[PDB]
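Participant: Sharing input_25.cif below, mmCIF, C-alpha atoms; chains and numbers go by the auth columns:
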data_model
#
loop_
_atom_site.group_PDB
_atom_site.id
_atom_site.type_symbol
_atom_site.label_atom_id
_atom_site.label_comp_id
_atom_site.label_asym_id
_atom_site.label_seq_id
_atom_site.Cartn_x
_atom_site.Cartn_y
_atom_site.Cartn_z
_atom_site.B_iso_or_equiv
_atom_site.auth_seq_id
_atom_site.auth_asym_id
ATOM 1 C CA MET A 1 0.070 6.721 14.076 0.00 1 A
ATOM 2 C CA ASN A 2 2.267 7.036 10.993 0.00 2 A
ATOM 3 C CA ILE A 3 2.576 5.446 7.511 0.00 3 A
ATOM 4 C CA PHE A 4 4.688 2.593 8.838 0.00 4 A
ATOM 5 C CA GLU A 5 2.329 1.555 11.611 0.00 5 A
ATOM 6 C CA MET A 6 -0.575 1.970 9.218 0.00 6 A
ATOM 7 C CA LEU A 7 0.897 -0.306 6.580 0.00 7 A
ATOM 8 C CA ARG A 8 2.043 -2.788 9.197 0.00 8 A
ATOM 9 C CA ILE A 9 -1.558 -3.155 10.255 0.00 9 A
ATOM 10 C CA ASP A 10 -2.824 -3.603 6.750 0.00 10 A
ATOM 11 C CA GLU A 11 -0.163 -5.960 5.413 0.00 11 A
ATOM 12 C CA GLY A 12 0.901 -7.940 8.496 0.00 12 A
ATOM 13 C CA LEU A 13 4.359 -9.411 8.948 0.00 13 A
ATOM 14 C CA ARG A 14 5.398 -12.852 7.634 0.00 14 A
ATOM 15 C CA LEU A 15 8.893 -14.226 7.768 0.00 15 A
ATOM 16 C CA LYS A 16 8.364 -17.141 5.308 0.00 16 A
ATOM 17 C CA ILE A 17 7.397 -16.805 1.604 0.00 17 A
ATOM 18 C CA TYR A 18 3.625 -16.601 1.331 0.00 18 A
ATOM 19 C CA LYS A 19 0.926 -15.953 -1.205 0.00 19 A
ATOM 20 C CA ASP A 20 -0.830 -12.646 -1.077 0.00 20 A
ATOM 21 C CA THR A 21 -4.543 -12.071 -1.525 0.00 21 A
ATOM 22 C CA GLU A 22 -4.057 -12.270 -5.306 0.00 22 A
ATOM 23 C CA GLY A 23 -2.016 -15.437 -5.044 0.00 23 A
ATOM 24 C CA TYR A 24 1.374 -13.895 -5.550 0.00 24 A
ATOM 25 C CA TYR A 25 4.551 -14.821 -3.795 0.00 25 A
ATOM 26 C CA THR A 26 5.311 -12.249 -1.085 0.00 26 A
ATOM 27 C CA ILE A 27 7.421 -12.030 2.041 0.00 27 A
ATOM 28 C CA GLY A 28 7.775 -9.633 5.036 0.00 28 A
ATOM 29 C CA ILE A 29 5.473 -6.654 5.211 0.00 29 A
ATOM 30 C CA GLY A 30 3.665 -6.940 1.862 0.00 30 A
ATOM 31 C CA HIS A 31 6.878 -7.138 -0.203 0.00 31 A
ATOM 32 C CA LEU A 32 5.757 -8.680 -3.549 0.00 32 A
ATOM 33 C CA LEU A 33 8.400 -11.017 -4.875 0.00 33 A
ATOM 34 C CA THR A 34 7.107 -12.125 -8.239 0.00 34 A
ATOM 35 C CA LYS A 35 3.895 -12.551 -10.064 0.00 35 A
ATOM 36 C CA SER A 36 5.337 -15.833 -11.355 0.00 36 A
ATOM 37 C CA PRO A 37 3.826 -19.155 -10.326 0.00 37 A
ATOM 38 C CA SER A 38 7.145 -20.649 -9.533 0.00 38 A
ATOM 39 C CA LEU A 39 8.164 -20.838 -5.862 0.00 39 A
ATOM 40 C CA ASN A 40 11.529 -21.172 -7.325 0.00 40 A
ATOM 41 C CA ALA A 41 11.304 -17.949 -9.229 0.00 41 A
ATOM 42 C CA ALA A 42 10.229 -16.466 -5.865 0.00 42 A
ATOM 43 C CA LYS A 43 13.112 -17.914 -3.901 0.00 43 A
ATOM 44 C CA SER A 44 15.537 -16.494 -6.399 0.00 44 A
ATOM 45 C CA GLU A 45 13.992 -13.045 -6.291 0.00 45 A
ATOM 46 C CA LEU A 46 14.147 -13.224 -2.519 0.00 46 A
ATOM 47 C CA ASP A 47 17.831 -14.040 -2.401 0.00 47 A
ATOM 48 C CA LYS A 48 18.488 -11.295 -4.932 0.00 48 A
ATOM 49 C CA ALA A 49 16.570 -8.837 -2.733 0.00 49 A
ATOM 50 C CA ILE A 50 18.357 -9.707 0.543 0.00 50 A
ATOM 51 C CA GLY A 51 21.807 -10.535 -0.748 0.00 51 A
ATOM 52 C CA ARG A 52 22.050 -13.935 0.888 0.00 52 A
ATOM 53 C CA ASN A 53 20.742 -17.447 0.351 0.00 53 A
ATOM 54 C CA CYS A 54 17.657 -17.314 2.348 0.00 54 A
ATOM 55 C CA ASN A 55 16.053 -20.577 1.561 0.00 55 A
ATOM 56 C CA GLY A 56 12.613 -18.789 1.623 0.00 56 A
ATOM 57 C CA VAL A 57 12.979 -17.390 5.063 0.00 57 A
ATOM 58 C CA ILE A 58 14.119 -13.951 6.389 0.00 58 A
ATOM 59 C CA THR A 59 14.637 -12.281 9.789 0.00 59 A
ATOM 60 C CA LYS A 60 12.631 -9.431 11.321 0.00 60 A
ATOM 61 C CA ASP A 61 15.418 -7.007 10.524 0.00 61 A
ATOM 62 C CA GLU A 62 15.462 -8.083 6.840 0.00 62 A
ATOM 63 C CA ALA A 63 11.732 -7.604 6.594 0.00 63 A
ATOM 64 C CA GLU A 64 11.946 -4.147 8.103 0.00 64 A
ATOM 65 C CA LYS A 65 14.669 -3.169 5.763 0.00 65 A
ATOM 66 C CA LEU A 66 12.604 -4.239 2.722 0.00 66 A
ATOM 67 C CA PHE A 67 9.696 -2.353 4.241 0.00 67 A
ATOM 68 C CA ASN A 68 11.723 0.830 4.594 0.00 68 A
ATOM 69 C CA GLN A 69 12.767 0.572 0.920 0.00 69 A
ATOM 70 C CA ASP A 70 9.263 -0.039 -0.272 0.00 70 A
ATOM 71 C CA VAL A 71 7.723 2.960 1.633 0.00 71 A
ATOM 72 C CA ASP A 72 10.553 5.148 0.323 0.00 72 A
ATOM 73 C CA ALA A 73 10.090 3.965 -3.241 0.00 73 A
ATOM 74 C CA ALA A 74 6.261 4.463 -2.894 0.00 74 A
ATOM 75 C CA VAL A 75 6.668 8.124 -1.785 0.00 75 A
ATOM 76 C CA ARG A 76 9.330 8.797 -4.531 0.00 76 A
ATOM 77 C CA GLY A 77 7.041 7.239 -7.103 0.00 77 A
ATOM 78 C CA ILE A 78 4.159 9.529 -6.168 0.00 78 A
ATOM 79 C CA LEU A 79 6.538 12.494 -6.285 0.00 79 A
ATOM 80 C CA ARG A 80 7.669 11.591 -9.802 0.00 80 A
ATOM 81 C CA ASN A 81 4.275 10.879 -11.112 0.00 81 A
ATOM 82 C CA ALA A 82 2.593 13.790 -12.957 0.00 82 A
ATOM 83 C CA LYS A 83 -0.809 12.604 -12.004 0.00 83 A
ATOM 84 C CA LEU A 84 -0.089 11.790 -8.419 0.00 84 A
ATOM 85 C CA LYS A 85 2.190 14.588 -7.277 0.00 85 A
ATOM 86 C CA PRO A 86 -0.384 17.360 -7.467 0.00 86 A
ATOM 87 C CA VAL A 87 -2.885 15.334 -5.437 0.00 87 A
ATOM 88 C CA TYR A 88 -0.333 14.464 -2.842 0.00 88 A
ATOM 89 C CA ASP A 89 0.796 18.074 -2.559 0.00 89 A
ATOM 90 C CA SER A 90 -2.732 19.226 -2.097 0.00 90 A
ATOM 91 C CA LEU A 91 -3.411 16.869 0.777 0.00 91 A
ATOM 92 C CA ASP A 92 -3.028 17.126 4.567 0.00 92 A
ATOM 93 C CA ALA A 93 -0.634 14.826 6.460 0.00 93 A
ATOM 94 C CA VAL A 94 -3.169 12.097 7.343 0.00 94 A
ATOM 95 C CA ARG A 95 -4.692 11.899 3.859 0.00 95 A
ATOM 96 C CA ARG A 96 -1.205 11.765 2.333 0.00 96 A
ATOM 97 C CA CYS A 97 -0.799 8.482 4.281 0.00 97 A
ATOM 98 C CA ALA A 98 -3.980 7.066 2.677 0.00 98 A
ATOM 99 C CA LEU A 99 -2.602 7.791 -0.857 0.00 99 A
ATOM 100 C CA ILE A 100 0.712 6.291 0.005 0.00 100 A
ATOM 101 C CA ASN A 101 -1.070 3.136 1.239 0.00 101 A
ATOM 102 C CA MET A 102 -2.913 2.731 -2.112 0.00 102 A
ATOM 103 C CA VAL A 103 0.307 3.169 -4.022 0.00 103 A
ATOM 104 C CA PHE A 104 2.122 0.648 -1.881 0.00 104 A
ATOM 105 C CA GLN A 105 -0.676 -1.941 -2.509 0.00 105 A
ATOM 106 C CA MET A 106 -1.520 -1.296 -6.071 0.00 106 A
ATOM 107 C CA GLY A 107 1.462 0.487 -7.613 0.00 107 A
ATOM 108 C CA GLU A 108 1.667 4.021 -9.109 0.00 108 A
ATOM 109 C CA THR A 109 0.169 3.025 -12.334 0.00 109 A
ATOM 110 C CA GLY A 110 -2.851 1.455 -10.750 0.00 110 A
ATOM 111 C CA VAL A 111 -3.584 4.430 -8.537 0.00 111 A
ATOM 112 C CA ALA A 112 -2.980 6.916 -11.335 0.00 112 A
ATOM 113 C CA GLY A 113 -5.863 5.110 -13.102 0.00 113 A
ATOM 114 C CA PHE A 114 -8.335 6.396 -10.529 0.00 114 A
ATOM 115 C CA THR A 115 -8.780 9.626 -12.491 0.00 115 A
ATOM 116 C CA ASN A 116 -12.164 10.702 -11.116 0.00 116 A
ATOM 117 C CA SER A 117 -11.440 9.967 -7.476 0.00 117 A
ATOM 118 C CA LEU A 118 -8.061 11.798 -7.754 0.00 118 A
ATOM 119 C CA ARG A 119 -9.886 14.894 -9.085 0.00 119 A
ATOM 120 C CA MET A 120 -12.381 14.751 -6.244 0.00 120 A
ATOM 121 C CA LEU A 121 -9.646 14.359 -3.621 0.00 121 A
ATOM 122 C CA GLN A 122 -7.852 17.333 -5.147 0.00 122 A
ATOM 123 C CA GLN A 123 -10.977 19.292 -4.885 0.00 123 A
ATOM 124 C CA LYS A 124 -11.461 18.256 -1.261 0.00 124 A
ATOM 125 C CA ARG A 125 -14.876 16.690 -1.939 0.00 125 A
ATOM 126 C CA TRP A 126 -14.412 14.000 0.709 0.00 126 A
ATOM 127 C CA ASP A 127 -17.714 12.276 0.641 0.00 127 A
ATOM 128 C CA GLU A 128 -17.910 12.187 -3.118 0.00 128 A
ATOM 129 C CA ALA A 129 -14.459 10.800 -3.434 0.00 129 A
ATOM 130 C CA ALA A 130 -15.087 8.043 -0.802 0.00 130 A
ATOM 131 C CA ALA A 131 -18.113 6.977 -2.736 0.00 131 A
ATOM 132 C CA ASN A 132 -16.254 6.913 -6.032 0.00 132 A
ATOM 133 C CA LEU A 133 -13.269 4.998 -4.618 0.00 133 A
ATOM 134 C CA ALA A 134 -15.734 2.264 -3.466 0.00 134 A
ATOM 135 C CA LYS A 135 -16.671 1.523 -7.090 0.00 135 A
ATOM 136 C CA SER A 136 -13.566 -0.412 -7.887 0.00 136 A
ATOM 137 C CA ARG A 137 -12.299 -3.955 -8.078 0.00 137 A
ATOM 138 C CA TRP A 138 -9.944 -2.876 -5.229 0.00 138 A
ATOM 139 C CA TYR A 139 -12.865 -2.294 -2.834 0.00 139 A
ATOM 140 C CA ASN A 140 -14.648 -5.483 -3.893 0.00 140 A
ATOM 141 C CA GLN A 141 -11.567 -7.677 -3.514 0.00 141 A
ATOM 142 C CA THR A 142 -10.191 -6.327 -0.178 0.00 142 A
ATOM 143 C CA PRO A 143 -13.132 -4.553 1.302 0.00 143 A
ATOM 144 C CA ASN A 144 -11.918 -4.241 4.996 0.00 144 A
ATOM 145 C CA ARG A 145 -8.648 -2.692 3.991 0.00 145 A
ATOM 146 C CA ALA A 146 -10.292 -0.481 1.283 0.00 146 A
ATOM 147 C CA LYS A 147 -12.836 0.725 3.927 0.00 147 A
ATOM 148 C CA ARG A 148 -10.056 1.674 6.302 0.00 148 A
ATOM 149 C CA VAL A 149 -8.251 3.642 3.585 0.00 149 A
ATOM 150 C CA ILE A 150 -11.444 5.197 2.360 0.00 150 A
ATOM 151 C CA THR A 151 -12.420 6.328 5.902 0.00 151 A
ATOM 152 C CA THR A 152 -8.995 7.886 6.253 0.00 152 A
ATOM 153 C CA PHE A 153 -9.620 9.953 3.085 0.00 153 A
ATOM 154 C CA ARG A 154 -13.195 10.774 4.133 0.00 154 A
ATOM 155 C CA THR A 155 -12.325 12.019 7.660 0.00 155 A
ATOM 156 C CA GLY A 156 -8.755 12.970 7.648 0.00 156 A
ATOM 157 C CA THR A 157 -8.298 11.189 11.015 0.00 157 A
ATOM 158 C CA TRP A 158 -6.850 7.821 12.073 0.00 158 A
ATOM 159 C CA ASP A 159 -10.112 6.553 13.434 0.00 159 A
ATOM 160 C CA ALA A 160 -10.252 3.483 11.168 0.00 160 A
ATOM 161 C CA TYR A 161 -7.021 2.246 12.606 0.00 161 A
ATOM 162 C CA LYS A 162 -7.472 3.081 16.330 0.00 162 A
ATOM 163 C CA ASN A 163 -9.438 0.111 16.688 0.00 163 A
ATOM 164 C CA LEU A 164 -6.731 -2.241 15.417 0.00 164 A
#
Please, can you express the file's structure as structure tokens?

Facilitator:
Amino acid sequence: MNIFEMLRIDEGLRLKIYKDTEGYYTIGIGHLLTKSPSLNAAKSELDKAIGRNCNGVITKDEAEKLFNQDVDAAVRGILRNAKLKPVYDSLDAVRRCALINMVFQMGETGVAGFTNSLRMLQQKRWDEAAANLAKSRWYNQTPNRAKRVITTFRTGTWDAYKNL
């Protein structure tokens, strides 16, 4: 298992514009298009992102390309973030994947807001951190995904995903 297969499980793949769990216009593998209510604003963002008139639909290849960019930008964002970088550097390879997943879903800024949990992860207090991460809107809104990520941080294995 790797970051790509992990995120593909969590986000799914959709070739037509869709609304995400928060109601935002998205396409592909969790690629947010716009927080705007206009399908039109979404179609425009899409065409801008792919470089062709897509008419709200993309190919598998196009989705994978967006996905590659997004994973890349997620990692680079963690590496540039003063709060995130140290945590990331302190973690093992599996746990690094769990942090990248949060960043991909909720953005750098959102994750950087989890001050206490970040401190616990840095300290390698697995159980305490899993419990603290669960006290968030994130866990309440997308509990199955949050549980998978949380288990990954707690155990440092891919057990939560070997099921799936």

Participant: Between A:96, A:52, A:31, A:162, which has the minimum distance to residue 78 (chain A) (counting all atoms listed in the file)?

Facilitator: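 Going through A:96, A:52, A:31, A:162 one by one, the smallest distance to residue 78 (chain A) is for A:96.
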
Participant: Quick one: everything within 12 Å of residue 149 (chain A), counting all atoms listed in the file, minus sequence neighbours fewer than 5 positions away in the same chain. Send it as a ChimeraX atom specification.

Facilitator: /A:3,6-7,9-10,94-103,105,129-130,133-134,138-139,142-144,154-161

Participant: Hey, what comes out of the PyMOL selection byres ((chain A and resi 76) around 12) on this file? Could you write it as a ChimeraX atom specification?

Facilitator: /A:69-75,77-82,84-85,88,100,103-104,107-108

Participant: Enter the distance from CA of residue 111 (chain A) to CA of residue 5 (chain A), in Å, rounded to one decimal.

Facilitator: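 Computing it gives 21.2 Å between the two atoms.
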
Participant: Hey, can you check how far CA of residue 135 (chain A) sits from CA of residue 25 (chain A)?

Facilitator: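 Spanning CA of residue 135 (chain A) to CA of residue 25 (chain A) is a straight-line distance of 27.0 Å.
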
Participant: Neighbours of residue 126 (chain A) within 10 Å (all atoms listed in the file; same-chain residues fewer than 4 positions away dropped), as JSON, numbers by chain?

Facilitator: {"A": [117, 120, 121, 122, 130, 131, 132, 150, 151, 152, 153, 154, 155, 156]}

Participant: Could you name the residues that touch residue 136 (chain A) at 10 Å or less, counting only C-alpha atoms, but leaving out those on the same chain fewer than 5 positions away, as a list in words?

Facilitator: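 Final neighbour list, sorted by chain and number: residues 114, 141 and 146 of chain A.
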
Participant: How big is the axis-aligned box, and where does its centre sit, when it encloses all atoms of region 2-15 of chain A listed in the file and has 8 Å added on every side, reported in Å to one decimal as lines of an AutoDock Vina configuration file?

Facilitator:
center_x = 3.0
center_y = -3.6
center_z = 8.5
size_x = 27.7
size_y = 37.3
size_z = 22.2

Participant: Please determine, counting all atoms listed in the file, which residue among A:19, A:119, A:49, A:91 has the shortest atom-to-atom distance to residue 37 (chain A).

Facilitator: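 The shortest atom-to-atom distance to residue 37 (chain A) comes from A:19.
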
Participant: How many Å separate CA of residue 8 (chain A) from CA of residue 68 (chain A)?

Facilitator: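 Interatomic distance here is 11.3 Å.
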
Participant: To verify the selection step, state as a ChimeraX atom specification which residues the PyMOL selection byres ((chain A and resi 56) around 9) yields on this input.

Facilitator: /A:15-17,27,39,42-44,46-47,53-55,57-58

Participant: Using all atoms listed in the file, can you tell me which of A:41, A:106, A:66, A:118 comes closest to residue 90 (chain A)?

Facilitator: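 Nearest to residue 90 (chain A): A:118.
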
Participant: Which residues are close to residue 20 (chain A), i.e. within 9 Å by all atoms listed in the file, leaving aside same-chain residues fewer than 6 positions away? Reply as an MDAnalysis selection string.

Facilitator: chainID A and resid 26:27 30 32

Participant: With distances taken over all atoms listed in the file, which of A:93, A:34, A:116, A:64 is nearest to residue 1 (chain A)?

Facilitator: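 Closest to residue 1 (chain A) of all the choices is A:93.
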
Participant: Missing atoms in region 124-147 of chain A need filling: write out N, CA, C and O atoms for it as a PDB file, in the coordinates of the input.

Facilitator:
ATOM      1  N   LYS A 124     -10.964  18.335  -2.636  1.00  0.00           N
ATOM      2  CA  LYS A 124     -11.461  18.256  -1.261  1.00  0.00           C
ATOM      3  C   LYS A 124     -12.934  17.922  -1.126  1.00  0.00           C
ATOM      4  O   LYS A 124     -13.582  18.352  -0.162  1.00  0.00           O
ATOM      5  N   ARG A 125     -13.484  17.141  -2.064  1.00  0.00           N
ATOM      6  CA  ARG A 125     -14.876  16.690  -1.939  1.00  0.00           C
ATOM      7  C   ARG A 125     -14.828  15.277  -1.352  1.00  0.00           C
ATOM      8  O   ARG A 125     -14.897  14.272  -2.076  1.00  0.00           O
ATOM      9  N   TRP A 126     -14.658  15.230  -0.038  1.00  0.00           N
ATOM     10  CA  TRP A 126     -14.412  14.000   0.709  1.00  0.00           C
ATOM     11  C   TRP A 126     -15.405  12.877   0.561  1.00  0.00           C
ATOM     12  O   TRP A 126     -15.051  11.741   0.253  1.00  0.00           O
ATOM     13  N   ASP A 127     -16.635  13.225   0.767  1.00  0.00           N
ATOM     14  CA  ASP A 127     -17.714  12.276   0.641  1.00  0.00           C
ATOM     15  C   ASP A 127     -17.852  11.773  -0.773  1.00  0.00           C
ATOM     16  O   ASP A 127     -18.009  10.580  -0.997  1.00  0.00           O
ATOM     17  N   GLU A 128     -17.761  12.657  -1.760  1.00  0.00           N
ATOM     18  CA  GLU A 128     -17.910  12.187  -3.118  1.00  0.00           C
ATOM     19  C   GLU A 128     -16.791  11.276  -3.509  1.00  0.00           C
ATOM     20  O   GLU A 128     -16.989  10.311  -4.234  1.00  0.00           O
ATOM     21  N   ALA A 129     -15.590  11.634  -3.095  1.00  0.00           N
ATOM     22  CA  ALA A 129     -14.459  10.800  -3.434  1.00  0.00           C
ATOM     23  C   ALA A 129     -14.538   9.383  -2.782  1.00  0.00           C
ATOM     24  O   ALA A 129     -14.107   8.392  -3.370  1.00  0.00           O
ATOM     25  N   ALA A 130     -15.008   9.312  -1.525  1.00  0.00           N
ATOM     26  CA  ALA A 130     -15.087   8.043  -0.802  1.00  0.00           C
ATOM     27  C   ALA A 130     -16.064   7.154  -1.526  1.00  0.00           C
ATOM     28  O   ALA A 130     -15.874   5.960  -1.683  1.00  0.00           O
ATOM     29  N   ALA A 131     -17.136   7.761  -2.010  1.00  0.00           N
ATOM     30  CA  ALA A 131     -18.113   6.977  -2.736  1.00  0.00           C
ATOM     31  C   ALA A 131     -17.570   6.486  -4.059  1.00  0.00           C
ATOM     32  O   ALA A 131     -17.890   5.372  -4.469  1.00  0.00           O
ATOM     33  N   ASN A 132     -16.790   7.319  -4.758  1.00  0.00           N
ATOM     34  CA  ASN A 132     -16.254   6.913  -6.032  1.00  0.00           C
ATOM     35  C   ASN A 132     -15.156   5.836  -5.866  1.00  0.00           C
ATOM     36  O   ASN A 132     -14.999   4.890  -6.645  1.00  0.00           O
ATOM     37  N   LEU A 133     -14.338   5.977  -4.831  1.00  0.00           N
ATOM     38  CA  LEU A 133     -13.269   4.998  -4.618  1.00  0.00           C
ATOM     39  C   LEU A 133     -13.880   3.585  -4.396  1.00  0.00           C
ATOM     40  O   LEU A 133     -13.224   2.558  -4.651  1.00  0.00           O
ATOM     41  N   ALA A 134     -15.096   3.538  -3.805  1.00  0.00           N
ATOM     42  CA  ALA A 134     -15.734   2.264  -3.466  1.00  0.00           C
ATOM     43  C   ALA A 134     -16.208   1.485  -4.678  1.00  0.00           C
ATOM     44  O   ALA A 134     -16.479   0.276  -4.593  1.00  0.00           O
ATOM     45  N   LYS A 135     -16.273   2.169  -5.816  1.00  0.00           N
ATOM     46  CA  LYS A 135     -16.671   1.523  -7.090  1.00  0.00           C
ATOM     47  C   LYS A 135     -15.474   1.071  -7.855  1.00  0.00           C
ATOM     48  O   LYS A 135     -15.130   1.652  -8.903  1.00  0.00           O
ATOM     49  N   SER A 136     -14.798   0.083  -7.298  1.00  0.00           N
ATOM     50  CA  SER A 136     -13.566  -0.412  -7.887  1.00  0.00           C
ATOM     51  C   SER A 136     -13.400  -1.882  -7.538  1.00  0.00           C
ATOM     52  O   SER A 136     -13.899  -2.375  -6.525  1.00  0.00           O
ATOM     53  N   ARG A 137     -12.645  -2.562  -8.350  1.00  0.00           N
ATOM     54  CA  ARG A 137     -12.299  -3.955  -8.078  1.00  0.00           C
ATOM     55  C   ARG A 137     -11.591  -4.024  -6.717  1.00  0.00           C
ATOM     56  O   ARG A 137     -11.815  -4.926  -5.876  1.00  0.00           O
ATOM     57  N   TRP A 138     -10.704  -3.037  -6.487  1.00  0.00           N
ATOM     58  CA  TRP A 138      -9.944  -2.876  -5.229  1.00  0.00           C
ATOM     59  C   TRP A 138     -10.841  -3.028  -3.988  1.00  0.00           C
ATOM     60  O   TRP A 138     -10.545  -3.803  -3.072  1.00  0.00           O
ATOM     61  N   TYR A 139     -11.958  -2.288  -3.963  1.00  0.00           N
ATOM     62  CA  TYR A 139     -12.865  -2.294  -2.834  1.00  0.00           C
ATOM     63  C   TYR A 139     -13.546  -3.651  -2.756  1.00  0.00           C
ATOM     64  O   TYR A 139     -13.739  -4.216  -1.699  1.00  0.00           O
ATOM     65  N   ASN A 140     -13.975  -4.171  -3.898  1.00  0.00           N
ATOM     66  CA  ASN A 140     -14.648  -5.483  -3.893  1.00  0.00           C
ATOM     67  C   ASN A 140     -13.749  -6.665  -3.465  1.00  0.00           C
ATOM     68  O   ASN A 140     -14.184  -7.615  -2.849  1.00  0.00           O
ATOM     69  N   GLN A 141     -12.485  -6.619  -3.835  1.00  0.00           N
ATOM     70  CA  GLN A 141     -11.567  -7.677  -3.514  1.00  0.00           C
ATOM     71  C   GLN A 141     -11.028  -7.622  -2.072  1.00  0.00           C
ATOM     72  O   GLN A 141     -10.771  -8.663  -1.442  1.00  0.00           O
ATOM     73  N   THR A 142     -10.732  -6.431  -1.556  1.00  0.00           N
ATOM     74  CA  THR A 142     -10.191  -6.327  -0.178  1.00  0.00           C
ATOM     75  C   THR A 142     -10.967  -5.279   0.507  1.00  0.00           C
ATOM     76  O   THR A 142     -10.420  -4.210   0.765  1.00  0.00           O
ATOM     77  N   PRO A 143     -12.237  -5.537   0.730  1.00  0.00           N
ATOM     78  CA  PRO A 143     -13.132  -4.553   1.302  1.00  0.00           C
ATOM     79  C   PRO A 143     -12.771  -3.978   2.700  1.00  0.00           C
ATOM     80  O   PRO A 143     -12.962  -2.793   2.894  1.00  0.00           O
ATOM     81  N   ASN A 144     -12.242  -4.776   3.662  1.00  0.00           N
ATOM     82  CA  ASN A 144     -11.918  -4.241   4.996  1.00  0.00           C
ATOM     83  C   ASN A 144     -10.763  -3.251   4.960  1.00  0.00           C
ATOM     84  O   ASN A 144     -10.776  -2.217   5.606  1.00  0.00           O
ATOM     85  N   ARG A 145      -9.766  -3.601   4.163  1.00  0.00           N
ATOM     86  CA  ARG A 145      -8.648  -2.692   3.991  1.00  0.00           C
ATOM     87  C   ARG A 145      -9.105  -1.424   3.213  1.00  0.00           C
ATOM     88  O   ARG A 145      -8.770  -0.270   3.595  1.00  0.00           O
ATOM     89  N   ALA A 146      -9.823  -1.613   2.063  1.00  0.00           N
ATOM     90  CA  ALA A 146     -10.292  -0.481   1.283  1.00  0.00           C
ATOM     91  C   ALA A 146     -11.108   0.463   2.188  1.00  0.00           C
ATOM     92  O   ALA A 146     -10.958   1.666   2.142  1.00  0.00           O
ATOM     93  N   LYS A 147     -12.008  -0.081   3.025  1.00  0.00           N
ATOM     94  CA  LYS A 147     -12.836   0.725   3.927  1.00  0.00           C
ATOM     95  C   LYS A 147     -11.990   1.555   4.884  1.00  0.00           C
ATOM     96  O   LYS A 147     -12.317   2.690   5.213  1.00  0.00           O
TER      97      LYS A 147
END
